[PDB]
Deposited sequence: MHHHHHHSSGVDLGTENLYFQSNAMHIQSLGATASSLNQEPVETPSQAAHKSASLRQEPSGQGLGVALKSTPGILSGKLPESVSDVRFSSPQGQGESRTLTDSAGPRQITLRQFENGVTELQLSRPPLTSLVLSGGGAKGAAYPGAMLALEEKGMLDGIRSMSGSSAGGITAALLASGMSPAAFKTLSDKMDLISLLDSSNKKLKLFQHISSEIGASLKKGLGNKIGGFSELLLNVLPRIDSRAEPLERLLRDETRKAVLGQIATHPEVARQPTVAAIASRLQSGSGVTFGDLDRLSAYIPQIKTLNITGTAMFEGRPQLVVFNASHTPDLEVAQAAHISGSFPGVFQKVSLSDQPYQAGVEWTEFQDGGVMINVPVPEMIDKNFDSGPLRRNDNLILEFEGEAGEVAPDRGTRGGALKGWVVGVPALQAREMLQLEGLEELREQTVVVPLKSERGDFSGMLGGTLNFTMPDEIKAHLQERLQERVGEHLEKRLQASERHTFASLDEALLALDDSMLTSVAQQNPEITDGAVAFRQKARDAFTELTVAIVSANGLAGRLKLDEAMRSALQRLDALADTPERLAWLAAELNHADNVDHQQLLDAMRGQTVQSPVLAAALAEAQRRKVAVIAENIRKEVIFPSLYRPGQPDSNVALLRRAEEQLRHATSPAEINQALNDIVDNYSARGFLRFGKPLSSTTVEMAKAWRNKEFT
């Protein structure tokens, strides 16, 4: 071997030699930890909770759908579903199920509901395309008020059935029904209003039978498909019946990955599994969820007698899929035991500690101190009554940060603490990060958290550019292969961008080589 290739190591962790099992199937997630002669630690655990149901497409072919819901109910897994997502016509089904309809009720409705007739009837909802004459997704929303589709049979039906289901769930949970926010929702619905994405989000927190809803469609505008997304974050006050109706009326199948949400986290474990229902070699080397991972989560869907048949078939197929996923496992490899333990959420760590406290004592102490320090920080932030001023933060905040800094004794622990400080739902930590943005700070944990917050901000912008600029041109019918290649490359640049400069380079490469796409690129650049 020549000089240059004298020493060689694996660049990612790889177990070497024999391993010992540190913990065997601990807790509900069946956590198994194996450690090798070189310290590399392998984590094996069950698949994550099945919390997302994804309905890819819909229409007439959806006659089999009731069988999938019956299968979920049969296996006691319907209550575990937290969110429903549907693309194009699949939004209709997603909306009904998300509203709390029972599998039995849904089957009855689906069977005597003529979706072909209801969709065909939809009397020209192309007025939308015309009103958009005077990005896109926001223009579409702004024009709905000057459109009247509320009385169209399909929308009236969805509005009535979703409302009935939601009101029924509320009524069966009297402790929930009497809560002021819920009583306000019920009153509004009883007055004739329809269920909104926001209503579902608020109620799902109280009643497991009600789920959050995501409806996505692709709308052809000027020969380019535009991704239109309806959910509690983007359109909280929009009636789900109208969203399902509009989404179902578009003429370009929404890629499944567009319905699976991106989740920033402090570790590598997948937060949850999806059950993807759809009808009927790529080569990326990367730097020094996949379709295959999605395939593992997908079940292909297959006149009264026929309905019964297709439903029976799907129920059998979904039932087997649910049994088989219980036999599957997730695997992760780490360079040290502590990093494997940091990948475990608090409940998982506790489960392992109950079986093998000798391997977790250090990690449990770290976790307890971190949680206590995070609380102290929150107390300091909220009790400060403002994080602005000539002097940076205050003594109480400094003290909390100092405790966190002391816990950051390894690069892995520093990274974990910084990611934990970035949780999007923590209003108080978020106020701290916003308050200190772009400033030099003494706390290494706060400094790392600020850097991570900036990287996340860039990733969010990159994702919007992908959806608004790249997606429409990438999936435009007739797009020459050379442009597709250019666009794929831009997608890669966007996936890896960590600074505004890297985003700008991606935009420049499109402007300089693409043969409105260029216009949108220049728009984002400035």
No C-alpha positions exist for deposited residues 1-78, 213-227, 345-372, 402-418, 427-436, 451-470, 684-696, 708-711
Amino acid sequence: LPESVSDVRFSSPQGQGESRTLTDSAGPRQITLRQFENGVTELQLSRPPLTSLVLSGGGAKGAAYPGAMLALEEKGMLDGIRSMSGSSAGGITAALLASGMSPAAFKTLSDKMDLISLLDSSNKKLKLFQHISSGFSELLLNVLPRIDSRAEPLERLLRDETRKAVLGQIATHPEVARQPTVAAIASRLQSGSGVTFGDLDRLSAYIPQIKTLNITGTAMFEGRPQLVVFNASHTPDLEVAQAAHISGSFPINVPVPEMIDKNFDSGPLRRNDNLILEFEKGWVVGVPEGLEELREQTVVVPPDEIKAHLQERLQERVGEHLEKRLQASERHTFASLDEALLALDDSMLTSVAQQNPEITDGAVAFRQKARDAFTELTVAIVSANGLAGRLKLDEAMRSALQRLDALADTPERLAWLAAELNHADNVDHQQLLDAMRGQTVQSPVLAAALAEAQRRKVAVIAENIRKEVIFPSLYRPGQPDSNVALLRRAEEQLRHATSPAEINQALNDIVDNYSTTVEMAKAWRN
From here on, numbers count along this sequence of modelled residues.
Mean B factor on CA atoms, stretches 357-365 and 442-450, record says higher is 357-365
Going by the entry, of stretches 109-117 and 378-386 the one with greater average Cα B-factor is 109-117
Of the residues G62, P49, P28, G39, the one whose Cα carries the largest B-factor in the deposited record is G62
Note to self: of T162, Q311, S193, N274, the C-alpha temperature factor tops out at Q311
Assert third(CA B-factor, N483) within chain per record equals middle
Sorting the chain's modelled residues by C-alpha B-factor and splitting them into thirds places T21 in the lowest
Split the chain's modelled residues into thirds by Cα B-factor; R178 lands in the middle
So, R476's CA B-factor, relative to its chain, sits in which third? The highest
On the chain's distribution of Cα B-factors, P411 falls within the third called lowest
